[PDB]
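Single chain ahead, by itself, as C-alpha cells, in the form deposited without its partner chain.
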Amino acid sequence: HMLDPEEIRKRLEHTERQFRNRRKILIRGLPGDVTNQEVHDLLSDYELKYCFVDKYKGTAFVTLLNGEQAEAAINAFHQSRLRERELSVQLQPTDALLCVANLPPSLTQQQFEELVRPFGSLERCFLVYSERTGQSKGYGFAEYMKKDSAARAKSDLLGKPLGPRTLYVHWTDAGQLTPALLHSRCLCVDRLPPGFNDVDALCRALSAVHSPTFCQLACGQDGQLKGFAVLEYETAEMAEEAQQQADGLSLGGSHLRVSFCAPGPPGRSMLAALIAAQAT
C-alpha cells in the first residue's frame, strides 16, 4: 500500500498542476466606457492570451498564460479600483465540472483521462491521491471545455460498471474546491454481509481510529436495505486514516469494502444521492 517516494511525488505534483490549471478570469464592475486596451494596461504585469470586454455588462473575460498568473491577477485586482469603479475579480465560473467516484483505486491517471476524454476536450483532469501513500482515493475530476461534453460524460458514466465497481458521477461547483476540499470527509461502506441491519456494530468497528460524525445504513422508498452505508468524519484526514485500517476488515460473513465518496455533500446528502443513483 506504500508506493516509493518518487511515484508519490510524480502523482501529487500531477494532481496539483492539473487542479491549479485555471487560466480564465472574470472581471466585473468595469466603467461603461472601458476598452480592451485599458484592461490589457491594467493587467500590464501579466501576459494575456485573451482579453474580451462586454462593454454593456462592465465585464471582461481574460485568459492568462497559466493558473499562477491568474491567481496573482485575482489577488492584485479583486476589490481594487479602476477610475473609481470597484472591481470584482475571480476565476471564471464553469458549469462543466464532474466528479467521477467509486473508481477502482488501481485505475491510473492515464486510464482516467482515457475514460473521460472521448466525451470532449478537457480543461482539467485529475485523480485525487492520499498525500501519505500516493494511493488513489478512487475519485477524480473532469472539467470539460463545453457543458455538453460534461452532460454526455455524466449520462454515460453514471452507473457504468468498471471492474468490481459501479461508477458514481455528480456535477461539482469548481468555485468551492481548494487543495484541502479535494479530500472527501464521507466514506461508503459496502460488501456488507447480505441482510445487515444493526447499524451500531459497524459504526463502532469504524471508530477504531476516529469517531464518525455520521454513520447510517442505506434503504430506499420501499424500506428494504440497499446494501451499503454512508459515513462522515469531522476532517478529511480523519476519513483517510479510518478507511486505511477499516478496508478489508472482517465483520460477520464478509470483508467490508470502505471507499471514499465524491467530496463536498454532507453524509445525509451523499446517502440520498447514492440511493437515487440506484433508482429504477
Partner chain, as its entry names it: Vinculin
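Positions refer to the first chain, counted from 1.
There is another form of this protein, the form solved in complex with its partner chain, and it is not shown here; the text below is about that form.
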property: Contact residue in the deposited bound form, chosen from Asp173, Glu86, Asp198, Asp148 - any heavy atom within 4.5 Å of its partner chain; result: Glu86
property: Among the candidates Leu217, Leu30, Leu43, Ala70, the residue which, in the deposited bound form, approaches its partner chain to within 4.5 Å (heavy atoms); result: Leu30
property: Option from 244-252, 53-61, 208-216, 231-239 whose residues, in the deposited bound form, bring a heavy atom within 4.5 Å of its partner chain; result: 53-61
property: Its partner chain contact in the deposited bound form: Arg204, any heavy atom under 4.5 Å; result: no
property: Selected hinge residue, from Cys203, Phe52, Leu177, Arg20, for two rigid parts turning between this form and the one not shown; result: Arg20
property: Closer or farther in the deposited bound form: C-alpha pair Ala72, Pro179 (3 angstroms or more); result: farther
property: Shift in CA distance, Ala72 and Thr178, in the deposited bound form relative to the form shown here, given it is 3 Å or more; result: farther
